[PDB]
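Notes to accompany the following structure.
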Amino acid sequence: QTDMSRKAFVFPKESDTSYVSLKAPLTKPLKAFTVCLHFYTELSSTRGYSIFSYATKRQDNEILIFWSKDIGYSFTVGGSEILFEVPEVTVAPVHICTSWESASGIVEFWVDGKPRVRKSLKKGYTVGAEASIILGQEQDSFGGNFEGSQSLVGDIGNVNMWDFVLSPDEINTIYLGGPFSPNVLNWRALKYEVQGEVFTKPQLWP
Amino acid sequence: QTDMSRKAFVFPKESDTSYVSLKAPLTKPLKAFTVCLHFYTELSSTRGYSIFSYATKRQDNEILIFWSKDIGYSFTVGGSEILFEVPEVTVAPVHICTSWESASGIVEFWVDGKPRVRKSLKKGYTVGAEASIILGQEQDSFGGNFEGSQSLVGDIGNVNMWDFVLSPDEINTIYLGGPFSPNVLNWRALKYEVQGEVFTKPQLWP
Amino acid sequence: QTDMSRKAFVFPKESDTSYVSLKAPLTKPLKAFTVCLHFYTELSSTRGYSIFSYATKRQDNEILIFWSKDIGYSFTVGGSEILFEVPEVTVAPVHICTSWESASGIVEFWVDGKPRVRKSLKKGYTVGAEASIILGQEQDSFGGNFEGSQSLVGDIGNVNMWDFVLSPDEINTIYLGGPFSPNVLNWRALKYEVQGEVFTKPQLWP
Amino acid sequence: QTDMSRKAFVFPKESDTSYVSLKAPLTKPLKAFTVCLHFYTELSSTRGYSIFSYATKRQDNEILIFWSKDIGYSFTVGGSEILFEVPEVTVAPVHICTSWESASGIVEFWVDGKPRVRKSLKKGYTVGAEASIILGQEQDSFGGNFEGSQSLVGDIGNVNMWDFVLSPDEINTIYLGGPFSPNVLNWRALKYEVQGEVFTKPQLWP
Amino acid sequence: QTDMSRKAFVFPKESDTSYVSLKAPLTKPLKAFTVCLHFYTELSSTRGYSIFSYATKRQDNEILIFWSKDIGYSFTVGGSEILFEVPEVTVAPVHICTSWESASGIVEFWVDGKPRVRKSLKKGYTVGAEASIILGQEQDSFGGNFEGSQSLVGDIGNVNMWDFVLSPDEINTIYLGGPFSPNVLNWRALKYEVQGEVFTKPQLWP
Amino acid sequence: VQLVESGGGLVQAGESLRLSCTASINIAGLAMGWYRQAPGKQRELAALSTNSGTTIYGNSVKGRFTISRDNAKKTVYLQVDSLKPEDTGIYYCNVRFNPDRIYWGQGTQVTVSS
Amino acid sequence: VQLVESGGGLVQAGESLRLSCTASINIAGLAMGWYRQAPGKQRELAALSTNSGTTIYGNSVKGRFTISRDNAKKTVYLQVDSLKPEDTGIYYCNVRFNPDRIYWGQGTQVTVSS
Amino acid sequence: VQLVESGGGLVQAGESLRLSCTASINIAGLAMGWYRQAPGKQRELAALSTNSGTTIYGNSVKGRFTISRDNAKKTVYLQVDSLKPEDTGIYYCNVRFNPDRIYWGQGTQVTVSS
Amino acid sequence: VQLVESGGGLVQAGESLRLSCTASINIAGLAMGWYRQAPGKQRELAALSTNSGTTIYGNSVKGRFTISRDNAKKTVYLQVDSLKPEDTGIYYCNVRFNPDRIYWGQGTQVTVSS
Amino acid sequence: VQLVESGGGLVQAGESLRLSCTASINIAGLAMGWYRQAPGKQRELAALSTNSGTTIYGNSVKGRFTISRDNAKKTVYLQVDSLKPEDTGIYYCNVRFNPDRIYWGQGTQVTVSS
């Protein structure tokens, strides 16, 4: 129950010990979801880094957004993934929104306020309820077993999630910075706990 | 008798079984026509895909808009075609309007709100009336005999047709998104029937 | 005595038989003149084409505007010419205005609303009065003896002429599309006669 | 005592005989000065041309602005000069303002409304009073001894001079075309005498 | 106690003798600070130059901003530094703001109104109070022992400093040129003493 | 419905080559062209001549050859030059009118002597 | 869980080469590719075939080889050409499903005779 | 109405060459230039000298040769250099005043020894 | 305060080379790199490894070598490849902390056999 | 008013070369440089050193040589490298102060052995 408007988390150096953990009040099995976030780093030309990592008892990576060297964004909703391609890389803050549903299996990778393509994946798979939502390092277990290679150094914020599939217009409003009501993870009112070397600072990005 | 404003058809994967079929009330032999549509895919760098396919009893391809690898748009009004060239390819939604008349045989390929050139073809040829307007795969017969290579994966919408030759200004208004009255196929009020894996979703493109 | 506002002449294919002919009421020996026109074609990368061709009893080419392969625009006011250079070529409608006077011999090739350079040519030469103003093919005689190589395929319009040398501002107004009074050839009120395969259509260019 | 607003001098061809000469009422030894002018030509890729040439009894080149092949602008205030560099060359009208003072020896080459660098030269040198301000060809004597290589072909105008060092703001107003009072050479009220093939025409440049 | 609004210091040539020295009323050990300045030169492609140099009894370089050949900006807060990279170089006036604090050790290199990255350095180090703030040449002692290689030739101004860490918004206002109150070094009211060949002139940069 | 080819392989590195093709049909309204099929990979398009006053060229080989469109007869030409080792492979040639109807040619192999 | 390779090194400068790999698993939903490991440096990615109708290519070698995606079987191909001296080194090949699970291949060495 | 040429072929790879042309007419108001006609292809324009202080150059060969405009006489020059194998062919030279009147030259052949 | 190098010159055209350097100091907070000093000219910077997750490369030689940053020890590597004749000269290597303090290395010469 | 040169031609393809020039005058306020005069063509400018902290370079040869400005003496240097066949010709060197006064040098010829 705290606000983080105009604030962002900063990871100064690479380390497999510093990370934040977010908690949610979800109780029912997720079937269709959407997420949005902003981040800023420069590790692209050096190695791969983990952007978003979920967690469940049975599977290490229920939902996972990662960056693969010379490949681009990789999005996994289970034991499968899509390989979204990015030809060139620049240095600047980046927004990214994604959505998925079990009924159809479609996915949309909204990047910088623009769409890429609709693609199909894991039609029928139902997501779990209990989670350990870590941020800072990808985990291969319930909040543990981190590898320093995937560690992220830089800053991130503006994280938000919904349990429904947003229409193609509310994404534009999110991109423009308007007022809306997340139902799972709300940046306006959030609960978290942090360990290691992480700091909170005004978002340098616009 | 249904509306599809702000909606679009989505083909998730490649398959020669999924397709939609549109019906029209035409009764007289078409002599001059015009069409307009919007589509979005990324198959250009991989193979050729069929954009629009007509059908008649005597000829498999009465009217056909196709994309040829490293060549560009190909437009056939019968046993003849024009080879419209596109030097470079990008990834983004695309509009395309075309028109033809039997009296003169001229053709205009309006792309992204811009013209290319006037060219001549099949002056005298009269089009048929009965049709099987398929969308999703090119057909070499009356609605049958599909080849998976030509299948389209992506999304498409905003389809409209007229039985006259529009002046160079109404095309601009179409491009800007204004209200007009198609006389053959009307996106505002349309009849269709779909088979296979196809979905209806809000148009991600603007 | 006919108007052609928002209309343009279209030559569908290459042929040495189709052409239009314009008549003027001039009676006195021209000594300083100016012309303006818009055209649209794509023959640049294939061969040379004739843009404007005058005619007189004694000389085949009194005034002539032509395009030379890999060279650019060529402008002849008699037995002499200037070689105006164009480094690169694009595909889009093009405006071109030119002016000349006998007293000084200066010339200005206004292209797309911009000037190039002042240059000197044939100071003293007086132009004739009787003319056969053909359009579609360059002629080596009084309206005859055409060669198919120079034929133009595409469209053209907005032709206008004056018997004086316009100041550098009225050219801007012409470029912006304002109301003015030609004294030799007036697009607003024009007399012409056409042979072969040529058509009149709304100007696709803006 | 004549105005030349919106007028410019035109040199049609290369020749060492045509030139204009300007007279000034100066009486005292110049110690700090500034000049401004606009010009338009295309000789850069062919040879070097003289832009501005002063004259005095003792020294052929008291003040001189010249263009050196593949080098750029050269500015001499006596027996010394600065080599201002220009990497690339284009074809379009060009403005150029410069200033100098004896007390400090600083110089500023304002080009197209932008500055380059401050540099030092000939601190202490005092300029003469009697002058033969020629325009069209560089001279190695008091108004004589011209070499055709340095001749300029094209047009020039908007010449103005001051006996003080302008602040960095009045230069902007000059660039925008405002009303000001030169004290040495005033384009609004000017005295001149011309020989050879030179003409006066409305400034084609904006 | 003097103003320098719209004024700037100019170093005409390279020399290890000309320099200005600024004095501040600080009394307490600095623990977190911020600086901002504008400068304009062209030495990048020739050698390295010193932009800002502090001084203390015990350490020659307490705070130092320098430019390394083909490397870019280097910022030292003691016996350590960050190597901020710049891929390409242009010629134009440049703004640069930086900030640091001892508690966290973070640093932000605001360039041209844009941020680069947060990085860590020397967490715990406390800065001294007595200083010899030289400008013009880097010093390896308390205001002495200069090497001509590091000398700067060009101009600089708009220097300001604060003893706190500015939020990411006041930097934008600084970039836009608004009114604010420095607490250590104030360009609006400044004390200085200059030796050698240095001049004060209106800021040519905007 | 018919097709005939004339050309030779076994060409040295960098030299030229003249290939040719003929058929029993007018070229009016028939865009004719050449495709390349190297080892592995796939049959790709070298370059062809448009129906009306244009010639498409394969991006891989820019300014490589010339289409040399025949008229009143069926004799396509390439005018090979700067033959490099990568040019080895089959060179198909065909005329396609409308999609799904191209009446594929037989093609001719060409080697590159090092 | 299994992997097999077929290919040869000792290739001359500029000539072609055909390598191949097989496994005991369907390729549906498995993006398969090739990585390069030259002396020193580090194991880097040559090029791979996306899951659905795309092929990523290593920036270093543009238009260098072809992915030749196998279907219904496990037989990846490269279609080497213009073999230069820098190509010498190990060529790893593998299929990775999801990050942290790639079941690294064994790879095959290839030399460049000058 | 008249034309004369001087030059030699049989040049080695990369060396220079000096060709020349003359006529019985002033060059004032006559733009003179050189065209290339290789095997097959078509007679194309190498480069020419404009009437007034400019020299057009063929895009294919940039910085290839020099126009060396003669004045008071008729002696055009090219100053060949970096002669490569592709340079083999006929080199036409002519002066055209006004379109449809160019009084085509005879040209001189030049070979490239490998 | 100390420095040691290991490497060899007399390398053939195009082949690789492995050089190395060591010292008596940690690399934490010390950016280490290599400079080139050819005949005449001046000692210039080949490429270095930033303090934290980055490697600067000399513009002249892009994709020329690898920094191969050592950790827990002092062993810098270059992984030379495509050795050309211009590479001949001294190769200095050093670690500089703060400007005006770099403790210049001794460097090693390398020749290029033609 | 005086000028002296030192250098040699007859250099092999790709190797370096060191030329030098001297005079009887200070270089302060005198920009000194080198021009190239190949067969035919015209005397053009190779590269020169500006008066104050800059060096202009001929566009034709980028990164070709170094100006090596002498101070307190008159000894200009080029540090030739990657000598190719096109480099053959005269290399003039001179110092010009103000236009129309350059006191042209004598220059030195250099050949390129193939």
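Neighbour counts are summed over all protein chains in view; Cβ atoms, including those assigned to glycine, are modelled from backbone coordinates with ideal geometry. Laboratory data are not the source of any read-out in this text; all were calculated from the coordinates shown.
Scanning segment A:194-206 for residues that are surrounded by 13 or more Cβ atoms within 10 Å (Cβ to Cβ), part of a loop (DSSP other than H, G, I, E, B) and of a type outside the set (A, V, I, L, M) yields A:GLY196, A:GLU197, A:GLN203, A:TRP205.
Only a single criterion out of (1) within 15 Å of the chain's Cα centre (by Cα); (2) surrounded by 18 or more Cβ atoms within 10 Å (Cβ to Cβ) is not satisfied by D:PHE146, namely (1).
Evaluate the following for G:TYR77: is it crowded, with 16+ Cβ neighbours inside 10 Å, away from chain F (no Cβ under 12 Å) and among the aromatic types (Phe, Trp, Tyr)? Against the criterion (crowded, with 16+ Cβ neighbours inside 10 Å, away from chain F (no Cβ under 12 Å) and among the aromatic types (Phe, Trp, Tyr)), G:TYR77 does not qualify. The requirement of being loosely packed, with under 15 Cβ neighbours inside 10 Å and in contact (Cβ under 8 Å) with a residue 40 or more places away in the chain is satisfied by H:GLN12.
With respect to the conditions (1) over 15 Å from A:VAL153 (Cα atoms); (2) free of Cβ contacts under 8 Å to residues at least 60 places away in the same chain; (3) over 12 Å from the mean Cα position of the chain (by Cα), A:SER74 lacks only one, and its number is (3).
No other residue among E:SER104, E:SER80, E:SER50 is over 24 Å from I:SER60 (Cα atoms) and touching a helix residue (DSSP H, G or I) at 6+ places or on another chain (Cβ under 6 Å) apart from E:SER50. The residues of segment A:111-167 include none that are at positive phi, outside any loop (DSSP other than H, G, I, E, B) and within 14 Å of chain B (Cβ to nearest Cβ). Scanning segment B:195-206 for residues that are more than 14 Å from every other protein chain (Cβ to nearest Cβ) and among the aliphatic types (A, V, I, L, M) returns no hits. Away from chain I (no Cβ under 14 Å) and not small (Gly, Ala, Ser): does that describe G:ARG36? It is false that G:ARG36 is away from chain I (no Cβ under 14 Å) and not small (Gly, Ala, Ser). Scanning segment I:17-28 for residues that are away from every other protein chain (no Cβ under 13 Å) and touching a strand residue (DSSP E or B) at 6+ places or on another chain (Cβ under 8 Å) turns up I:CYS21, I:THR22, I:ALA23, I:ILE25, I:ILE27. J:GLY89 falls short on exactly one of the conditions (1) of a type in the set (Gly, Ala, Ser); (2) more than 13 Å from the chain's Cα centre (by Cα); (3) more than 26 Å from E:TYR49 (Cα to Cα), and that condition is (2).
Only a single item in (1) within 14 Å of chain F (Cβ to nearest Cβ); (2) surrounded by 15 or more Cβ atoms within 10 Å (Cβ to Cβ) is not met by G:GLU86, and it is number (1). Can you find a residue that is in a loop (DSSP other than H, G, I, E, B) and closer than 25 Å to J:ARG96 by Cβ anywhere in segment D:90-104? Within segment D:90-104, one or more residues are in a loop (DSSP other than H, G, I, E, B) and closer than 25 Å to J:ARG96 by Cβ.
Taking the criterion of being away from chain J (no Cβ under 14 Å) and free of Cβ contacts under 8 Å to residues at least 12 places away in the same chain, the residues of segment I:39-59 that qualify are I:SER52, I:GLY53, I:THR54, I:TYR57.
Taking segment D:168-193 as the range and being away from every other protein chain (no Cβ under 14 Å), surrounded by 13 or more Cβ atoms within 10 Å (Cβ to Cβ), of a type outside the set (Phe, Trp, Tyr) and not in a loop (DSSP other than H, G, I, E, B) as the test, the residues that pass are D:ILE174, D:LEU185, D:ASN186, D:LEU190.
Can you say whether A:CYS97 is surrounded by 19 or more Cβ atoms within 10 Å (Cβ to Cβ), touching a residue at least 60 places away in the same chain (Cβ under 8 Å) and within 14 Å of chain B (Cβ to nearest Cβ), as far as the supplied structure shows? Taking the combined requirement at face value, the residue satisfies it.
Out of all the residues in segment F:8-16, is one or more of a type in the set (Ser, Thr, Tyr), away from chain G (no Cβ under 14 Å) and assigned to a loop (DSSP other than H, G, I, E, B)? Yes.
Screening A:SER50 against (1) surrounded by 20 or more Cβ atoms within 10 Å (Cβ to Cβ); (2) over 25 Å from G:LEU30 (Cα atoms) leaves a single unmet condition, (2). Just so you know, in segment H:50-68 the residues that are under 23 Å from H:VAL1 (Cα atoms) and under 11 Å from the mean Cα position of the chain (by Cα) include one that is surrounded by the fewest Cβ atoms within 10 Å (Cβ to Cβ), and it is H:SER68. Checked against (1) loosely packed, with under 15 Cβ neighbours inside 10 Å; (2) of a type outside the set (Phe, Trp, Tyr); (3) touching a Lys or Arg at 6+ places or on another chain (Cβ under 9 Å), C:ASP112 passes all but a single condition, namely (3). Only one entry in I:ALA72, I:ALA47, I:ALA38 is of a type in the set (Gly, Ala, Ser) and surrounded by 19 or more Cβ atoms within 10 Å (Cβ to Cβ), namely I:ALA47.
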